[PDB]
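Notes for the one structure printed next.
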Amino acid sequence: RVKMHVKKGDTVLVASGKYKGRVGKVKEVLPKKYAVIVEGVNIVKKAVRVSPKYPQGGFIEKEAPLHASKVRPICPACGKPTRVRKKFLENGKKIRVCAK
Amino acid sequence: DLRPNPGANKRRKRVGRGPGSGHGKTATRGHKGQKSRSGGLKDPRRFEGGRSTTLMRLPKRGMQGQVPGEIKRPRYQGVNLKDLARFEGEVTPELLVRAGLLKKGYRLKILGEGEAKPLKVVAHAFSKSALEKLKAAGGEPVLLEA
Amino acid sequence: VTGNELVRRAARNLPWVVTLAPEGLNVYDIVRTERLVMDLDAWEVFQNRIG
Amino acid sequence: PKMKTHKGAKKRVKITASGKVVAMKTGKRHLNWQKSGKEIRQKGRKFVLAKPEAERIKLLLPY
RNA sequence: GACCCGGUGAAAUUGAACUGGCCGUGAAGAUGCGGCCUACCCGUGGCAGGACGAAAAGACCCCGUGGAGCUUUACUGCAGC
RNA sequence: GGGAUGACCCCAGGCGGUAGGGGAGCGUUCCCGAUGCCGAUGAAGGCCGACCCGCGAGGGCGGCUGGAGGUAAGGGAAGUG
RNA sequence: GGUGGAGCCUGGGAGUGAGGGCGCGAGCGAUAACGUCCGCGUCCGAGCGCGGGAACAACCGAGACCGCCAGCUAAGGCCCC
RNA sequence: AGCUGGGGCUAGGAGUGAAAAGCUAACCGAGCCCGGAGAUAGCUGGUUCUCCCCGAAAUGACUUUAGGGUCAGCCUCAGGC
RNA sequence: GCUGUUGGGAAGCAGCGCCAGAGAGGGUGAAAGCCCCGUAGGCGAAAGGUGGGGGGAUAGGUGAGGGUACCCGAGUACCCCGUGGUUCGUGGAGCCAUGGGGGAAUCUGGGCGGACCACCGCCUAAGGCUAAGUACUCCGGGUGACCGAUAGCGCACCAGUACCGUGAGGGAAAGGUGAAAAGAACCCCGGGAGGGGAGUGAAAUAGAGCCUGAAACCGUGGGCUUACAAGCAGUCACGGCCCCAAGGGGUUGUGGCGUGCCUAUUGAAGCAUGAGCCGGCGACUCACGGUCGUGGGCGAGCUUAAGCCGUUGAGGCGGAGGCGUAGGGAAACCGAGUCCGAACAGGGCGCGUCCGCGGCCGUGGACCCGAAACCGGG
RNA sequence: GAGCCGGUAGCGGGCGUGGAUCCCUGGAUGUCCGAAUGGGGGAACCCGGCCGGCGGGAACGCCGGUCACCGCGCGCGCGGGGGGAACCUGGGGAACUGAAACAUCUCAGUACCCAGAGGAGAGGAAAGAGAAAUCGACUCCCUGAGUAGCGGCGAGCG
Ligand SMILES: [Mg+2]
Ligand SMILES: [Mg+2]
Ligand SMILES: [Mg+2]
Ligand SMILES: [Mg+2]
Ligand SMILES: [Mg+2]
Ligand SMILES: [Mg+2]
Ligand SMILES: [Mg+2]
Ligand SMILES: [Mg+2]
Ligand SMILES: [Mg+2]
Ligand SMILES: [Mg+2]
Ligand SMILES: [Mg+2]
Ligand SMILES: [Mg+2]
Ligand SMILES: [Mg+2]
Ligand SMILES: [Mg+2]
Ligand SMILES: [Mg+2]
Ligand SMILES: [Mg+2]
Ligand SMILES: [Mg+2]
Ligand SMILES: [Mg+2]
Ligand SMILES: [Mg+2]
Ligand SMILES: [Mg+2]
Ligand SMILES: [Mg+2]
Ligand SMILES: [Mg+2]
Ligand SMILES: [Mg+2]
Ligand SMILES: [Mg+2]
Ligand SMILES: [Mg+2]
Ligand SMILES: [Mg+2]
Ligand SMILES: [Mg+2]
Ligand SMILES: [Mg+2]
Ligand SMILES: [Mg+2]
Ligand SMILES: [Mg+2]
Ligand SMILES: [Mg+2]
Ligand SMILES: [Mg+2]
Ligand SMILES: [Mg+2]
Ligand SMILES: [Mg+2]
Ligand SMILES: [Mg+2]
Ligand SMILES: [Mg+2]
Ligand SMILES: [Mg+2]
Ligand SMILES: [Mg+2]
Ligand SMILES: [Mg+2]
Ligand SMILES: [Mg+2]
Ligand SMILES: [Mg+2]
Ligand SMILES: [Mg+2]
Ligand SMILES: [Mg+2]
Ligand SMILES: [Mg+2]
Ligand SMILES: [Mg+2]
Ligand SMILES: [Mg+2]
Ligand SMILES: [Mg+2]
Ligand SMILES: [Mg+2]
Ligand SMILES: [Mg+2]
Ligand SMILES: [Mg+2]
Ligand SMILES: [Mg+2]
Ligand SMILES: [Mg+2]
Ligand SMILES: [Mg+2]
Ligand SMILES: [Mg+2]
Ligand SMILES: [Mg+2]
Ligand SMILES: [Mg+2]
Ligand SMILES: [Mg+2]
Ligand SMILES: [Mg+2]
Ligand SMILES: [Mg+2]
Ligand SMILES: [Mg+2]
Ligand SMILES: [Mg+2]
Ligand SMILES: [Mg+2]
Ligand SMILES: [Mg+2]
Ligand SMILES: [Mg+2]
Ligand SMILES: [Mg+2]
Ligand SMILES: [Mg+2]
Ligand SMILES: [Mg+2]
Ligand SMILES: [Mg+2]
Ligand SMILES: [Mg+2]
Ligand SMILES: [Mg+2]
Ligand SMILES: [Mg+2]
Ligand SMILES: [Mg+2]
Ligand SMILES: [Mg+2]
Ligand SMILES: [Mg+2]
Ligand SMILES: [Mg+2]
Ligand SMILES: [Mg+2]
Ligand SMILES: [Mg+2]
Ligand SMILES: [Mg+2]
Ligand SMILES: [Mg+2]
Ligand SMILES: [Mg+2]
Ligand SMILES: [Mg+2]
Ligand SMILES: [Mg+2]
Ligand SMILES: [Mg+2]
Ligand SMILES: [Mg+2]
Ligand SMILES: [Mg+2]
Ligand SMILES: [Mg+2]
Ligand SMILES: [Mg+2]
Ligand SMILES: [Mg+2]
Ligand SMILES: [Mg+2]
Ligand SMILES: [Mg+2]
Ligand SMILES: [Mg+2]
Ligand SMILES: [Mg+2]
Ligand SMILES: [Mg+2]
Ligand SMILES: [Mg+2]
Ligand SMILES: [Mg+2]
Ligand SMILES: [Mg+2]
Ligand SMILES: [Mg+2]
Ligand SMILES: [Mg+2]
Ligand SMILES: [Mg+2]
Ligand SMILES: [Mg+2]
Ligand SMILES: [Mg+2]
Ligand SMILES: [Mg+2]
Ligand SMILES: [Mg+2]
Ligand SMILES: [Mg+2]
Ligand SMILES: [Mg+2]
Ligand SMILES: [Mg+2]
Ligand SMILES: [Mg+2]
Ligand SMILES: [Mg+2]
Ligand SMILES: [Mg+2]
Ligand SMILES: [Mg+2]
Ligand SMILES: [Mg+2]
Ligand SMILES: [Mg+2]
Ligand SMILES: [Mg+2]
Ligand SMILES: [Mg+2]
Ligand SMILES: [Mg+2]
Ligand SMILES: [Mg+2]
Ligand SMILES: [Mg+2]
Ligand SMILES: [Mg+2]
Ligand SMILES: [Mg+2]
Ligand SMILES: [Mg+2]
Ligand SMILES: [Mg+2]
Ligand SMILES: [Mg+2]
Ligand SMILES: [Mg+2]
Ligand SMILES: [Mg+2]
Ligand SMILES: [Mg+2]
Ligand SMILES: [Mg+2]
Ligand SMILES: [Mg+2]
Ligand SMILES: [Mg+2]
Ligand SMILES: [Mg+2]
């Protein structure tokens, strides 16, 4: 509904914060909190588990949601918002112009 | 000009005076102070004291209306023939209340004082001095009886 | 103040134009802006509207 | 709302042109009072004073 | 029970109080005003004389052009007859 | 009254105040001014201030606290103290 | 004679219609009451804000715009407090 | 004329009462709850910022009126004289 | 709409741009027209509701004449008695309804035009239907000189809930970590809770019913001060002592002087009333009229109302009407006069609105609180 | 049109660019109570009859239909019954209040109760209005107008 947004599980630039400009991979959309996770915010989760298994070695702990109004998608371009081209039967996301 | 100062020229008097006070209308809620001005008084134009306050007067104004009411009678407005004299032409109703006087009700009784212009008024009643005034300059016809 | 809606559309959307119909002239929308530009077919309706 | 004119004060009080208020003098009233003697002559038409300021505030709209 | 110690620990009341006694005085019954006289600061257990102590916006009286209950050969109705 | 207006400048009086009447103002919320101007080089708010301006209501400035809103001069409407 | 928050008139807004002490003139009372009812005031009311009266609304002195670590005074005092 | 469990009836100017005006969901001379209803209150309480000016009355007439009100007296504001 | 910048973070600042039929708003780590959602504009319905707004047909409608007095709504009209409705309260009481009683005619009928009667009119009762415009707001949407958690609904939250009540019914409080849970791994004390480290984060006196977090209150540390003192708790004066070093503030030792606040009062420190303290909520408004003032407009003119047409927080059209221009009189009526009167004595009375704003008044609940009660339905 | 399996955070369990999750529209199933409606009932439960179905079985069971009552026409069939924040019409209808007491009056045909009805209701085509050789259904809004009037001719209503 309103909950649909920029893009889906592809590679995408983030222009947010500390990671102002970082091309991350496939992004794993959240989106009820309107975020993705993609590759940027990598903050440490100081948690054991809920089920006590394979205990604490190091923390290379996982990512964070990264609110999705700052993940600029990519094509042979940089940024350039998505658009809709329909071609009489489909609905494809073509950027401000390069292609694709 | 701009929205800074077109503002009203120094006289609005709008201290719409709230008596929330301690200085101003000092806390007995200016004018008040005793009791029986505590949320109401009865008139005090017709009213009290409780004596008559004036019913000791007496209705001379008779023929005060049998139950169907005022007979829907003609009522002649009275213009002076000096206030008729502001214009020129065949002065008639609708050179009247179309412009100015007579307030639309029933037809016209010119009367009065002033410089009778020579012009033939089709009025619908006359005072004797108005007739004697404008026959001394002009003429007039009379009412409609159609 | 134009009686041409296809320039009211053009000037509808600026930080410094209050667009206006030729009949909707009013002193508040006059005074809240610093300039006034009106058509001949808005000045004619304004001149015949007022005395 | 729409301040009602006192019909009693209309029926027993006349508002003049310049602002006074006139009524019958009291005591002639079919007499209930006495025999003759020029008081019934002098029951003509007075005008009340400083009671108009409490009385013209009743009769407003049809004078 | 009260009193001491250990535990939990309310209340009505409360203008602030750093709250003595007497003669006066003051809205006419004062810790607070004046004069004097006592009087180190702070408790604990008590007795209750005062703080016009608390409690109940007197329950008696009066006023309300209040309100009810009730009565009747008050007035006027209505039921009923 | 003096004024070669700029009515600032002096002069003679007055200036306790309840109910009240009258005149000036200061504030709070909201709005026009505002698609503006301020504001993370820290907003409203909070704590202070021995400073500043105002007779006062209050307003400024400075210091921390606060971590994101505030809204000028002139005006308007109050759920205004 | 009297230029005074004097008057007269019109209009707006009232408040007030529980007053009290003292003096004088009286009534009622008992030639009693900080009694009650008037008249002429006055003062408190609202001036107890101040001084004296030991204290103390109305007794005596006096009408408090604010300040001053200046002065002269009223009632009252001048041995001390 | 016993007491008591169960099942039931009677309800607001009505029930019920070996009668006290008692009882009727802990306060019954007419239950409680909602609604008219923000009843009414000539009564008591209370009325919220600041400054400046002027400043009363508690009297008369009339009141089913005496703690209230109308008018005049005293007060203020503006205008004219 | 990209870069650089301080920053935790940029959209802030700056440079170089661009769109605009879109510079309404929201969120984005803050301050974004150009990142997102959007908005302007424009598309979209297979299925269902919807709808003459647009055209289609149906059903129905098309004794103009002159006559033989056929029929025109029956316990009805009309009359009386009893009442309700309308402005109508018994009044001069019509009319419209109709509970009782008497009781007709069908067009030379019958009713009405305010007792009634006669002329002149008006109109057809005793059978029924009839869109539209109007009231409403559980509902959906937008709009706010509307509220921002005691406000707004009683409920922003799992609220008509807990709780009270047998019951009808009453009926609460209770929002906010941060950007993101990264919501604290691992130690150490402790049984645990809670801490202290470590870690997160810009910030952890932002650490979990957690933003800001005031005050009352309760502590701890420091300065001054008190155990021969007396007081509505202060104030003025000096003096002593630590803070700043000119002058200050903090303390208070002594002296001088001092009867709290509000209300009600003839008077209150009052041993009259209210107040434990603090924080919030809390009481002169508003609608329509009126009376005076003032700022304006117009000015013997003034002036819109409902409604109509149009918007973007564009307003015009609308003169129906209302005031005002002449008043007297009860009224006919007369008129710069009128009336009382026989009177050409005398005397009584004899010339602006529309807004805004304010004082005040009227009806409104009408400044707010509070009755005992009354009545209806349960 | 790429994520989902509601307010999921956890079992990890699956499911989706051959189209899911969602949203809308149309069906289907809708237990039981409720107008409750087969009868009873102390609502959400009991107890049935007839027909048709499962030693699962003739007895107790369970399933799926149908079984209230009233109104309209020819045993036969189409409606009605209850609910709804207000809005409206009709049947009833107070009292405190105001009159500075109060009874007529006012409050008020208000509140409330009942019935009915619908997106509106009401009313409605003249046995009208009342001064015009006039208007021509009804309703609503503004004027008329606080007028005409009514009125213990008070209060006020209008
Ligand atoms: Mg497709
Ligand atoms: Mg106030
Ligand atoms: Mg009083
Ligand atoms: Mg008094
Ligand atoms: Mg009397
Ligand atoms: Mg533009
Ligand atoms: Mg008129
Ligand atoms: Mg112990
Ligand atoms: Mg007490
Ligand atoms: Mg002591
Ligand atoms: Mg002692
Ligand atoms: Mg004593
Ligand atoms: Mg002593
Ligand atoms: Mg003392
Ligand atoms: Mg004792
Ligand atoms: Mg006691
Ligand atoms: Mg008492
Ligand atoms: Mg009485
Ligand atoms: Mg009784
Ligand atoms: Mg009788
Ligand atoms: Mg003064
Ligand atoms: Mg005053
Ligand atoms: Mg503000
Ligand atoms: Mg800036
Ligand atoms: Mg603010
Ligand atoms: Mg600050
Ligand atoms: Mg500061
Ligand atoms: Mg400002
Ligand atoms: Mg308020
Ligand atoms: Mg308020
Ligand atoms: Mg009196
Ligand atoms: Mg007296
Ligand atoms: Mg005196
Ligand atoms: Mg005395
Ligand atoms: Mg005296
Ligand atoms: Mg004597
Ligand atoms: Mg004496
Ligand atoms: Mg006495
Ligand atoms: Mg005096
Ligand atoms: Mg004095
Ligand atoms: Mg003294
Ligand atoms: Mg003394
Ligand atoms: Mg002085
Ligand atoms: Mg000397
Ligand atoms: Mg001397
Ligand atoms: Mg028994
Ligand atoms: Mg039983
Ligand atoms: Mg009984
Ligand atoms: Mg009992
Ligand atoms: Mg009783
Ligand atoms: Mg009862
Ligand atoms: Mg009440
Ligand atoms: Mg009522
Ligand atoms: Mg009071
Ligand atoms: Mg003075
Ligand atoms: Mg009285
Ligand atoms: Mg007076
Ligand atoms: Mg005077
Ligand atoms: Mg005056
Ligand atoms: Mg920074
Ligand atoms: Mg924003
Ligand atoms: Mg922030
Ligand atoms: Mg933005
Ligand atoms: Mg569009
Ligand atoms: Mg279709
Ligand atoms: Mg179709
Ligand atoms: Mg339809
Ligand atoms: Mg017929
Ligand atoms: Mg018969
Ligand atoms: Mg008849
Ligand atoms: Mg009559
Ligand atoms: Mg005939
Ligand atoms: Mg007839
Ligand atoms: Mg007729
Ligand atoms: Mg007739
Ligand atoms: Mg007639
Ligand atoms: Mg219809
Ligand atoms: Mg309509
Ligand atoms: Mg919404
Ligand atoms: Mg707000
Ligand atoms: Mg808001
Ligand atoms: Mg809250
Ligand atoms: Mg709330
Ligand atoms: Mg809060
Ligand atoms: Mg809830
Ligand atoms: Mg219970
Ligand atoms: Mg956040
Ligand atoms: Mg722990
Ligand atoms: Mg806390
Ligand atoms: Mg906090
Ligand atoms: Mg200490
Ligand atoms: Mg000693
Ligand atoms: Mg010592
Ligand atoms: Mg002392
Ligand atoms: Mg001292
Ligand atoms: Mg002293
Ligand atoms: Mg004092
Ligand atoms: Mg007094
Ligand atoms: Mg006394
Ligand atoms: Mg006290
Ligand atoms: Mg005491
Ligand atoms: Mg007491
Ligand atoms: Mg008292
Ligand atoms: Mg003008
Ligand atoms: Mg049009
Ligand atoms: Mg004359
Ligand atoms: Mg006004
Ligand atoms: Mg009654
Ligand atoms: Mg789930
Ligand atoms: Mg599908
Ligand atoms: Mg599917
Ligand atoms: Mg689904
Ligand atoms: Mg099935
Ligand atoms: Mg059943
Ligand atoms: Mg049954
Ligand atoms: Mg059962
Ligand atoms: Mg088988
Ligand atoms: Mg078988
Ligand atoms: Mg069956
Ligand atoms: Mg059919
Ligand atoms: Mg029904
Ligand atoms: Mg009554
Ligand atoms: Mg009454
Ligand atoms: Mg009475
Ligand atoms: Mg009525
Ligand atoms: Mg209809
Ligand atoms: Mg009908
Ligand atoms: Mg017809
Ligand atoms: Mg009408």
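Chains as they are written, first to last, in the entry's author numbering: chain U, 2 to 101; chain L, 5 to 150; chain D, 157 to 207; chain e, 2 to 64.
We put the CB at the ideal spot given by N, CA and C, even for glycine.
Exercise. Using a Cβ-Cβ cut-off of 6 Å (strictly less than) and excluding sequence neighbours within five positions of residue 32/e, which residues of its own chain qualify?
Worked result: none
Exercise. Given residue 7/e, which residues of its chain have a CB within under 8 Å of its CB, disregarding the five upstream and five downstream residues?
Worked result: 59 and 60
Exercise. Looking only at C-alpha atoms, which of 195/D, 184/D, 197/D and 157/D sits nearest to residue 10/L?
Worked result: 184/D
For this session: Please look up how many angstroms separate the CB atoms of residue 160/D and residue 195/D, rounded, as I've assumed it's under 8 Å.
Result: 7 Å
Problem set entry | Run of the beta strand (DSSP E) containing residue 112/L, from where it starts to where it stops | 112–115
For this session: Give the secondary structure of residue 85/U by DSSP, where H, G and I count as helix, E and B as strand, and everything else as coil.
Result: strand
Problem set entry | Inter-residue Cα distance where the pair is residue 24/e and residue 23/L | 42 Å
Exercise. So, residue 116/L versus residue 85/L, is the Cβ gap smaller than 9 Å?
Worked result: yes
For this session: Give every residue of the same chain whose Cβ lies closer than 6 Å to the Cβ of residue 94/U, excluding the five residues on either side of it in the sequence, and list them in chain order.
Result: 83
Problem set entry | Within chain L, the residues that residue 15/e reaches when beta carbons sit closer than 9 Å | 64 and 65
For this session: Check the Cβ of residue 78/L against every Cβ in chain D and list those closer than 9 Å, keeping chain order.
Result: Result: empty, since nearest Cβ-Cβ is about 38 Å, beyond 9 Å.
Exercise. Is residue 30/L near ligand 22, judged by its Cβ being under 8 Å from some heavy atom?
Worked result: yes
For this session: Report yes or no: do the region 14–28 of chain L and the region 11–22 of chain e share at least 3 C-beta pairs separated by less than 8 Å?
Result: no
Problem set entry | Same chain, Cβ closer than 8 Å to residue 53/e, neighbours up to 5 away in sequence not counted | 20, 21 and 22
Exercise. The alpha helix (DSSP H) with residue 164/D in it runs from where to where?
Worked result: 161–164
Problem set entry | Proximal chain D residues relative to residue 10/L, where beta-carbon distance stays under 8 Å | 187
For this session: Answer yes or no: does any C-beta atom of chain L fall closer than 9 Å to that of residue 1/e?
Result: No answer is possible for residue 1/e: the residues shown for chain e start at 2 and end at 64.
For this session: State yes or no: is the C-beta of residue 103/L within less than 9 Å of the C-beta of residue 113/L?
Result: no
For this session: Report all residues from its chain with a CB closer than 8 Å to the CB of residue 44/e; omit the five preceding and five following residues, and keep chain order.
Result: 25, 26, 27, 28 and 29
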